[PDB]
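So this one's work-v8.cif, mmCIF, C-alpha atoms:
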```cif
data_model
#
loop_
_atom_site.group_PDB
_atom_site.id
_atom_site.type_symbol
_atom_site.label_atom_id
_atom_site.label_comp_id
_atom_site.auth_asym_id
_atom_site.auth_seq_id
_atom_site.Cartn_x
_atom_site.Cartn_y
_atom_site.Cartn_z
ATOM 1 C CA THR A 148 93.645 120.327 101.234
ATOM 2 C CA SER A 149 96.846 119.869 103.202
ATOM 3 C CA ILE A 150 98.621 116.720 104.322
ATOM 4 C CA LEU A 151 97.514 117.621 107.828
ATOM 5 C CA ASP A 152 93.941 116.917 106.795
ATOM 6 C CA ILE A 153 95.210 113.416 106.119
ATOM 7 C CA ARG A 154 94.712 111.811 109.511
ATOM 8 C CA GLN A 155 93.979 108.315 110.760
ATOM 9 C CA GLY A 156 90.229 108.357 111.271
ATOM 10 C CA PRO A 157 88.573 106.160 113.907
ATOM 11 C CA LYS A 158 86.053 104.452 111.659
ATOM 12 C CA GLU A 159 88.266 105.182 108.675
ATOM 13 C CA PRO A 160 90.548 102.336 107.575
ATOM 14 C CA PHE A 161 94.295 102.753 107.233
ATOM 15 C CA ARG A 162 93.935 102.112 103.519
ATOM 16 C CA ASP A 163 91.718 105.155 103.131
ATOM 17 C CA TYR A 164 94.124 107.112 105.302
ATOM 18 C CA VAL A 165 97.074 106.123 103.144
ATOM 19 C CA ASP A 166 95.123 106.895 99.994
ATOM 20 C CA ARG A 167 94.442 110.369 101.335
ATOM 21 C CA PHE A 168 98.028 110.813 102.467
ATOM 22 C CA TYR A 169 99.361 109.799 99.071
ATOM 23 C CA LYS A 170 96.546 111.718 97.424
ATOM 24 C CA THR A 171 97.557 114.986 99.043
ATOM 25 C CA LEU A 172 101.251 114.222 98.721
ATOM 26 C CA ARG A 173 100.867 113.796 94.978
ATOM 27 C CA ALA A 174 98.563 116.798 95.087
ATOM 28 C CA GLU A 175 101.619 118.985 95.537
ATOM 29 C CA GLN A 176 104.567 116.815 96.498
ATOM 30 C CA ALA A 177 106.738 119.517 98.019
ATOM 31 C CA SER A 178 107.777 121.089 101.301
ATOM 32 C CA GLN A 179 110.218 123.465 102.951
ATOM 33 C CA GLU A 180 112.197 120.361 103.833
ATOM 34 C CA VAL A 181 111.008 117.316 101.926
ATOM 35 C CA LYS A 182 114.454 115.803 102.338
ATOM 36 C CA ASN A 183 114.488 116.282 106.093
ATOM 37 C CA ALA A 184 110.763 115.608 106.094
ATOM 38 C CA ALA A 185 110.348 111.846 106.161
ATOM 39 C CA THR A 186 107.098 111.242 104.315
ATOM 40 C CA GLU A 187 106.739 107.942 106.135
ATOM 41 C CA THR A 188 107.353 109.780 109.386
ATOM 42 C CA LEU A 189 104.583 112.147 108.365
ATOM 43 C CA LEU A 190 102.074 109.370 107.802
ATOM 44 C CA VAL A 191 103.018 107.874 111.148
ATOM 45 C CA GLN A 192 103.164 111.268 112.817
ATOM 46 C CA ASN A 193 99.924 112.293 111.152
ATOM 47 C CA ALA A 194 98.623 108.878 112.139
ATOM 48 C CA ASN A 195 96.677 107.944 115.248
ATOM 49 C CA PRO A 196 98.462 107.626 118.600
ATOM 50 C CA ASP A 197 98.321 103.863 118.975
ATOM 51 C CA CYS A 198 99.299 103.485 115.338
ATOM 52 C CA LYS A 199 102.166 105.816 116.160
ATOM 53 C CA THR A 200 103.288 103.488 118.925
ATOM 54 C CA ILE A 201 102.880 100.428 116.735
ATOM 55 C CA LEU A 202 104.704 102.254 113.967
ATOM 56 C CA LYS A 203 107.396 103.243 116.437
ATOM 57 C CA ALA A 204 107.943 99.591 117.268
ATOM 58 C CA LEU A 205 107.780 98.703 113.592
ATOM 59 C CA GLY A 206 111.022 100.257 112.407
ATOM 60 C CA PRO A 207 112.663 103.400 111.013
ATOM 61 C CA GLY A 208 111.642 102.399 107.509
ATOM 62 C CA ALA A 209 108.737 99.972 107.553
ATOM 63 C CA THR A 210 106.860 98.985 104.418
ATOM 64 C CA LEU A 211 103.284 99.939 103.623
ATOM 65 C CA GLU A 212 102.467 96.291 104.216
ATOM 66 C CA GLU A 213 104.016 96.500 107.663
ATOM 67 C CA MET A 214 102.312 99.808 108.348
ATOM 68 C CA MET A 215 98.924 98.456 107.340
ATOM 69 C CA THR A 216 99.557 95.230 109.215
ATOM 70 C CA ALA A 217 100.296 97.136 112.399
ATOM 71 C CA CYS A 218 97.365 99.469 111.857
ATOM 72 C CA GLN A 219 95.143 96.449 111.334
ATOM 73 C CA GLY A 220 96.450 95.229 114.670
ATOM 74 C CA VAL A 221 95.506 98.418 116.477
ATOM 75 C CA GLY A 222 92.638 97.835 118.877
ATOM 76 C CA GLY A 223 89.138 99.205 118.426
ATOM 77 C CA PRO A 224 85.521 98.024 118.648
ATOM 78 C CA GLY A 225 85.372 94.485 119.983
ATOM 79 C CA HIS A 226 82.251 93.784 122.006
ATOM 80 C CA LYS A 227 78.476 93.532 121.912
ATOM 81 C CA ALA A 228 77.414 96.526 123.968
ATOM 82 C CA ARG A 229 77.200 99.160 121.259
ATOM 83 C CA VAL A 230 80.271 101.330 121.691
ATOM 84 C CA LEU A 231 79.528 104.834 122.912
#
```
In structure tokens, how does this file's structure come out?
Amino acid sequence: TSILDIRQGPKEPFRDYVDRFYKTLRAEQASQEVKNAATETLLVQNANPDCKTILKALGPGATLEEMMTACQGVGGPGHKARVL
């Protein structure tokens, strides 16, 4: 029931990931250093690796739209041969 549980699933869309992130955040919006703790940085940090890279390129203060746009860009399943 922690924000950690909020991760960027493989088959899970970024939207669902954000919903969870914001769901847990609002579940107990608080931390030992919320100020120092950049929520956005948490989502990105708690986000996949590639997304992290894409988010890194994004900017130190991208918008949800930009975050979702980059996430949507992230690679994935793109072929016939059923992925492992």
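Distance-wise, CA of residue 182 (chain A) and CA of residue 208 (chain A) end up 14.6 Å apart.
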12 Å contact set for residue 210 (chain A), only C-alpha atoms, chain neighbours under 5 positions out, as a JSON list (two decimals) with C-alpha atoms, keeping the file's coordinate frame:
```
[["chain", "number", "residue", "atom", "x", "y", "z"],
["A", 187, "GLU", "CA", 106.74, 107.94, 106.14],
["A", 188, "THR", "CA", 107.35, 109.78, 109.39],
["A", 190, "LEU", "CA", 102.07, 109.37, 107.80],
["A", 191, "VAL", "CA", 103.02, 107.87, 111.15],
["A", 202, "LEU", "CA", 104.70, 102.25, 113.97],
["A", 205, "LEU", "CA", 107.78, 98.70, 113.59],
["A", 215, "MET", "CA", 98.92, 98.46, 107.34],
["A", 216, "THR", "CA", 99.56, 95.23, 109.22],
["A", 217, "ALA", "CA", 100.30, 97.14, 112.40]]
```
Spatial neighbours of residue 175 (chain A), 10 Å, only C-alpha atoms, chain gap at least 2 places, as number ranges by chain: A: 148-150, 170-173, 177-178
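The gap separating CA of residue 206 (chain A) from CA of residue 222 (chain A) is 19.6 Å, in Å to one decimal.
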Pick from A:174, A:154, A:180, A:169 nearest to residue 199 (chain A), counting all atoms listed in the file: A:154
CA of residue 152 (chain A) to CA of residue 181 (chain A), distance in Å rounded to a single decimal: 17.8 Å
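Excluding residue 164 (chain A) itself and same-chain residues fewer than 5 positions from it, the residues having an atom within 8 Å of it are residues 153, 154, 155, 156 and 159 of chain A, counting all atoms listed in the file.
When only C-alpha atoms are used to measure the gap to residue 211 (chain A), the shortest distance among A:157, A:176, A:165, A:227 belongs to A:165.
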